[PDB]
Amino acid sequence: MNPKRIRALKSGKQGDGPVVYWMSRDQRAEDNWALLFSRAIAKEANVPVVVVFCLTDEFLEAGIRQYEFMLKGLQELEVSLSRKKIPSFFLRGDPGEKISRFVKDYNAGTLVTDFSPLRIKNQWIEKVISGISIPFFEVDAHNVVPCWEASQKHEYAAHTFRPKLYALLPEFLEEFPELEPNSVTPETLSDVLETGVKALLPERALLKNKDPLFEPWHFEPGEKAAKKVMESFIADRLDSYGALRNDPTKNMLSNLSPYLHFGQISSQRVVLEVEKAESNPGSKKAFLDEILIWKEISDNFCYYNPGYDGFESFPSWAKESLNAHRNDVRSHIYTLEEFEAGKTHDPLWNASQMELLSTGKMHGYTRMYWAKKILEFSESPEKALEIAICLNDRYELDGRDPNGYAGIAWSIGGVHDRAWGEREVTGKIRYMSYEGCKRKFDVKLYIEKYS
Ligand SMILES: Cc1cc2nc3c(=O)[nH]c(=O)nc-3n(C[C@H](O)[C@H](O)[C@H](O)COP(=O)(O)OP(=O)(O)OC[C@H]3O[C@@H](n4cnc5c(N)ncnc54)[C@H](O)[C@@H]3O)c2cc1C
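Going letter by letter, the sequence shown gives residues 3 to 188, 198 to 462 in PDB author numbering.
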């Protein structure tokens with residue numbers, strides 16, 4: 003285990019009870035440096051490792067679609083951890099109260115968590131630090147290169163982050179040891204799920220017919236399903252990925268993001284397996300650029316920019332340009348509700364929103380298109396950011412994620428982009444025209460599918 007993957011969050015006085023892994027972002031038993039590090043600390047302290055997960059109060063800010071995907075994954079995780087003789091505890095409430103109380107009730111010796119750069123995770127961490135007296139570590143289990151090691155700062159372009167990340171892959175891209183079971187064995200999620208579904212139901216996304224919009228069969232949740240999606244991608248989709256990743260009418264992406272978001276599969280795992288695959292040269296470079304460079308620069312962005320969801324984090328050239336065009340008359344303005352129902356005058360935009368509504372995963376190419384039009388048809392960049400985040404986090408299975416904040420900030424604010432030709436309203440932000448998409452893929456066919 004490379005000690006550069008683990009960081010101290012708070013010194014303390016070690017207790018003599020179990021080591022507690024507060025699982026949050028990496029909801030898997032295999033390929034999990036945070037669990038592996040926790041198991042190892044336990045072994046040196048001659049105590050078991052246990053897993054705690056907090057079912058937080060914020061679940062009512064998203065939908066059934068994410069709550070069910072996540073909890074059906076955790077049901078499977080319970081079984082897997084128990085086979086390793088690792089108990090798991092699911093705490094209804096927010097971490098400050100529930101983790102601090104768990105630590106005390108169970109006499110935890112050491113507390114470990116996984117790494118998320120999101121504001122809510124840091125809020126949770128502050129409240130836990132004030133409720134405990136034992137040592138508290140975090141482990142980057144989501145990036146191949148620990149986020150605080152990849153760069154010491156915000157990287158303004160993929161081309162400045164790329165050479166730093168690739169210079170560290172020889173060290174950090176490595177196989178995973180097997181998780182050692184514990185020596186000995188030291198409200199069901201079903202009922203939790205039902206309680207939570209009851210609370211969510213009034214806000215469920217319904218057609219006018221009251222029929223639910225969401226189709227829950229496009230991505231089966233859990234660690235075992237994630238691995239099959241990974242295996243089918245490498246076998247059937249990787250070869251064509253370079254040619255087809257920008258064609259939303261084709262189903263040729265990996266479809267791994269919902270699994271990667273909740274940590275039901277390790278990206279380090281996916282990279283290991285892609286690296287060993289013999290596939291079309293070009294396709295592997297393209298995929299690895301997305302799952303290494305662009306995914307891990309998103310953690311870089313959220314980690315070094317506390318205002319990652321606000322206009323103030325845009326590059327100076329984009330803030331200046333959007334400000335210069337802030338009083339340009341927009342050709343249309345849409346309300347949040349009009350965006351949300353796909354009721355604009357742009358049928359490609361509406362189709363993209365319909366794909367989000369019905370499957371919980373909008374094709375990566377039309378996400379770019381979709382966020383850029385929110386900029387073009389809202390009162391201001393700040394309002395555009397709020398609308399894009401709202402809809403992305405409400406309806407994307409892979410939402411509430413650094414990739415999301417960074418992808419929206421790329422779209423609307425030019426983060427990790429350069430200035431392009433000056434237009435009214437959108438200024439020098441990269442523009443993606445309708446006619447452009449028409450020359451790129453079969454727009455009429457995409458609209459047909461999602462209408
Ligand atoms: C406006 C906008 C919002 C986005 N919101 C999210 C979000 O909430 N959550 C999310 O996980 N991704 C987000 N993305 C990034 C990207 O669209 C998705 O990760 C991707 O479409 C998921 O499909 P896939 O797994 O089939 O992708 P693939 O093309 O197979 O890529 C494999 C993995 O690479 C990573 N990746 C790919 N593209 C990007 C990218 N542009 N930025 C960062 N990582 C990337 C993801 O982890 C993805 O699962 C957003 C992009 C934009 C433009």
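Note that CB positions come from ideal geometry on N, CA and C, so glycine has one too.
Check                                                                                                                                                                                : Outcome
Can the beta-carbon of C149 be found less than 8 Å from the beta-carbon of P119?                                                                                                     : yes
From the DSSP output, read off the bridge partner residues of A10.                                                                                                                   : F139
Using a Cβ-Cβ cutoff of less than 6 Å, which residues in the same chain neighbour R164 once the five nearest sequence positions on both sides are dropped?                           : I304
Should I419 be listed as close to ligand 1, given that the test is whether its C-beta is under 7 Å from any heavy atom?                                                              : yes
Buried or exposed: where does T206 fall if 16 or more other Cβ atoms within 10 Å of its Cβ makes it buried?                                                                          : exposed
Quick check on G95: buried or exposed, where buried means 16 or more other Cβ atoms within 10 Å of its Cβ?                                                                           : exposed
How far does the alpha helix (DSSP H) with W228 in it reach, from first residue to last?                                                                                             : Looking at the DSSP string, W228 is not in any alpha helix (DSSP H), and its letter there is neither H nor E.
Since I believe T162 is in contact with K87 (beta carbons under 8 Å), could you give me their beta-carbon distance rounded to a whole number of angstroms?                           : Not confirmed; about 46 Å, so no contact.
Going by Cα to Cα distance, which pick from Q279, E307, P232 and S268 is closest to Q77?                                                                                             : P232
Residues with a Cβ closer than 6 Å to any heavy atom of ligand 1, in chain order?                                                                                                    : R256, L264, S265, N266, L267, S268, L271, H272, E301, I302, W305, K306, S309, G375, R378, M379, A382, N403, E407, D409, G410, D412, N414, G415, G418, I419 and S422
Compute the distance between the beta-carbons of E435 and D339, then report whether it is under 8 Å.                                                                                 : yes
Between the Cα of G133 and those of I122, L181 and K106, spot the shortest distance and give me the residue it belongs to.                                                           : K106
Any idea which residues DSSP pairs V53 with across the strands?                                                                                                                      : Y23 and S90
Helix, strand or coil for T260, going by three-state DSSP, please let me know.                                                                                                       : coil
Within the stretch 372 to 419, note down every full alpha helix (DSSP H) run reaching 4 residues or more, in order along the chain.                                                  : 375 to 387 and 392 to 406
Report yes or no: do three or more beta-carbon pairs, one from the stretch 281 to 288 and one from the stretch 244 to 257, lie closer than 8 Å?                                      : yes
Pull up the CB-CB distance for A42 and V114, whole angstroms please, since I reckon it's below 8 Å.                                                                                  : Contact doesn't hold; Cβ gap of about 10 Å is too wide.
So, helix, strand or coil for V130, using DSSP?                                                                                                                                      : helix
Can you tell me which of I423, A420, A216 and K295 puts its alpha carbon nearest to the alpha carbon of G253?                                                                        : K295
To the nearest angstrom, how far is the alpha carbon of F322 from that of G424?                                                                                                      : 7 Å
Which of the three DSSP states, helix, strand or coil, is assigned to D202?                                                                                                          : helix
Could you pull the start and end residues of the alpha helix (DSSP H) that residue 193 belongs to?                                                                                   : Residue 193 cannot be placed in this structure, since the chain goes from 188 to 198 without the numbers between.
Counting only the same chain and skipping the five closest in sequence on each side, list residues whose C-beta sits under 7 Å from that of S102.                                    : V130, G133 and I134
What did DSSP end up calling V426 once you bin it into helix, strand or coil?                                                                                                        : coil
Less than 6 Å between C-beta atoms, sequence neighbours within five positions excluded: which residues of the same chain meet that for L367?                                         : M373 and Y406
If I'm right that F225 touches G371 with Cβ under 8 Å, what's the distance once you round it to whole angstroms?                                                                     : 6 Å
Determine the DSSP secondary structure at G17, reduced to helix, strand or coil.                                                                                                     : coil
In the DSSP assignment, what residue or residues form a beta bridge with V114?                                                                                                       : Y23 and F139
I think residue 1 touches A297, with their Cβ atoms under 8 Å apart; what is that distance to the nearest whole Å?                                                                   : The chain is shown only over 3 to 462; residue 1 falls outside these bounds and no answer can be derived.
Less than 8 Å between the C-beta atoms of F92 and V203, yes or no?                                                                                                                   : yes
Determine the closest residue to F174 out of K209, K6 and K306, with distance taken between C-alpha atoms.                                                                           : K6
To the nearest angstrom, how far is the alpha carbon of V52 from that of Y23?                                                                                                        : 6 Å
If contact is defined by three or more beta carbon pairs under 8 Å, each pair taking one atom from either stretch, is the stretch 441 to 450 in contact with the stretch 349 to 356? : no
Whose C-alpha, out of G111, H156 and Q68, is nearest the C-alpha of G318?                                                                                                            : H156
Give the secondary structure of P172 by DSSP, where H, G and I count as helix, E and B as strand, and everything else as coil.                                                       : helix
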